[PDB]
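Since the structure comes first, as structure tokens, the remarks are kept for the end.
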Amino acid sequence: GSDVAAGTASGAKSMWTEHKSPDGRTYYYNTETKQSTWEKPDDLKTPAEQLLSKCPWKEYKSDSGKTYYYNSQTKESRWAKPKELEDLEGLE
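Residue numbers are given in this note's numbering: position 62 of the sequence shown equals residue 54, and the series is strictly consecutive.
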């Protein structure tokens, strides 16, 4: 099954469509990184709420375990995680 747009407006503030496997496991797919990921932190809350939890520039692994690094505020996506970007390590 080829799903890349289940609902689409399933969740915003971080473009994610709700996906579940026939076994009843539901995960989130973020079209930004094109990855499938677990229930996200304060990203679904508000960008400034995230900063204490997880930096707006973030690195996570998909269900395939691919790490992606993305600028959440501006919604740019890359693969490269220099702490130089955060100018620290991984928190705003």
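By construction, the Cβ of each residue, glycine as well, lies at the ideal position given by its N, Cα and C atoms.
Any idea if residue i is buried or exposed, counting beta-carbon neighbours within 10 angstroms, 16 or more meaning buried?
i: residue 49; result: buried
i: residue -5; result: exposed
i: residue 30; result: exposed
i: residue 71; result: exposed
i: residue 0; result: exposed
i: residue 59; result: exposed
i: residue 18; result: exposed
Check for me: the alpha helix (DSSP H) holding residue i runs from which residue to which?
i: residue 46; result: No alpha helix (DSSP H) contains residue 46, which DSSP labels as neither H nor E.
i: residue 68; result: Here residue 68 belongs to no alpha helix (DSSP H); instead the beta strand (DSSP E) covers 68 to 70.
i: residue 76; result: 75 to 78
Between which two residues does the beta strand (DSSP E) carrying residue i extend?
i: residue 10; result: 8 to 12
i: residue 65; result: From DSSP, residue 65 is part of no beta strand (DSSP E); its letter is neither H nor E.
i: residue 0; result: First-last for residue 0: undefined, no H or E at that position.
Round the Cβ separation of residue i and residue j to the nearest angstrom and send it over; I've been treating them as touching at under 8 Å.
i: residue 64; j: residue 32; result: Not quite, the Cβ-Cβ distance comes to about 10 Å (not below 8 Å), so this is no contact.
Starting from the Cα of residue i, find the closest Cα among the options and give me that residue.
i: residue 73; options: 84, 61, 67 and 83; result: 61
i: residue 80; options: 66, 46 and 53; result: 46
Is residue i helix, strand or coil when you go by DSSP?
i: residue 31; result: coil
i: residue 51; result: strand
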